[PDB]
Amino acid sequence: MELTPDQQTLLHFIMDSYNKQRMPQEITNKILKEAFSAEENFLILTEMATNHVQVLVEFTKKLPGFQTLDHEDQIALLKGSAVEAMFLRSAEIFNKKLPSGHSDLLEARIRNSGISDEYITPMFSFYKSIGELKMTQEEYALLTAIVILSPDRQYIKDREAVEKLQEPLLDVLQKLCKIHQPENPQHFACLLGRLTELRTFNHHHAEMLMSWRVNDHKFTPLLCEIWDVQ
């Protein structure tokens, strides 16, 4: 079925919040312009990830009912979703259509960033899989909201209340999949499958930053709170 006016209103509100993030062109112009050392790229990563969380908290707070949740549940949701959201967002940026060759140069750049090789393969494998899905901005925004509002987060004291919140976003996303990709009824399930793929990156996040080819791994205090580091 088609979106109801209320889902259309919800979707638009969600996009407004979502568009408040740093333009992908900005980020890819920085990477593509000049090549940097592993220490320089580590700095860019920490800054990018610092700004990503600040924006994410703003997006999260604007989600319907989020503020009605138990204070401690809200914290466990943010901690539980920050890394996955950053990876889903990195995947969105990676898949933005660039002029010929830039795609290849961005990948090669990132590949040299300083991250250990153990993580490059599962990272690009995910990005190129997400890319294959051909998601609209709306799908990235809703899937992001779905990720944040996961009842299954460790430490959630009332899963039921989080489920009530994620429920209308799941419905909207499903309708978009049937609207935008009706030549693939599996589309919605593939999106949900990729979420399971995202949680595995979250499991090794601290190791992938700790193993970055640099001497000292300095993180902003905000990053020390979100990332289980230092």
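What we label the rigid core is the largest C-alpha set whose atoms superpose within 1.5 Å from one form to the other. One-based numbering along the sequence shown.
K.L.:
Of the stretches 134 to 142 and 100 to 108, which sits farther from where it is here in 9 other deposited structures of this protein, on average over its Cα atoms, after fitting the core?
P.N.:
Of 134 to 142 and 100 to 108, the stretch deviating more in 9 other deposited structures of this protein is 100 to 108.
K.L.:
Please work out whether 182 to 190 or 28 to 36 has the higher root mean square C-alpha deviation in 9 other deposited structures of this protein relative to the shown form, with the rigid core as fitting region?
P.N.:
Once the cores are fitted, 28 to 36 deviates more in 9 other deposited structures of this protein.
K.L.:
Quick check: 192 to 200 versus 179 to 187, which has the larger average CA B-factor in the record?
P.N.:
Per the deposited B-factors, the answer is 179 to 187.
K.L.:
For the C-alpha atoms alone, is the average B factor greater in 93 to 101 or in 139 to 147, going by the entry?
P.N.:
93 to 101 has the higher mean C-alpha B-factor.
K.L.:
Of the choices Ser129, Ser81, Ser116, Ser113, which one's C-alpha carries the largest B-factor in the record?
P.N.:
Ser116 has the highest C-alpha B-factor of those listed.
K.L.:
Would you mind checking where the Cα B-factor of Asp152 ranks among the modelled residues of its chain, as the lowest, middle or highest third?
P.N.:
CA B-factor rank for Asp152: middle third.
K.L.:
State the tercile, meaning the lowest, middle or highest third, of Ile31 with respect to the CA B-factors recorded for its chain.
P.N.:
As the PDB entry reports it, the C-alpha B-factor of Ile31 lands in the highest third of its chain.
K.L.:
With respect to C-alpha B-factor, does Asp158 fall in the lowest, middle or highest third of the chain as deposited?
P.N.:
Top third by C-alpha B-factor.
K.L.:
Would you mind ranking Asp70 by its C-alpha B-factor against the rest of the chain and naming the third, lowest, middle or highest?
P.N.:
For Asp70, whose C-alpha B-factor we compare with every modelled residue in the chain, the answer is the highest third.
K.L.:
Check where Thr4 lands among this chain's C-alpha B-factors and tell me if it's the lowest, middle or highest third.
P.N.:
For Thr4, the deposited C-alpha B-factor lands in the middle third.
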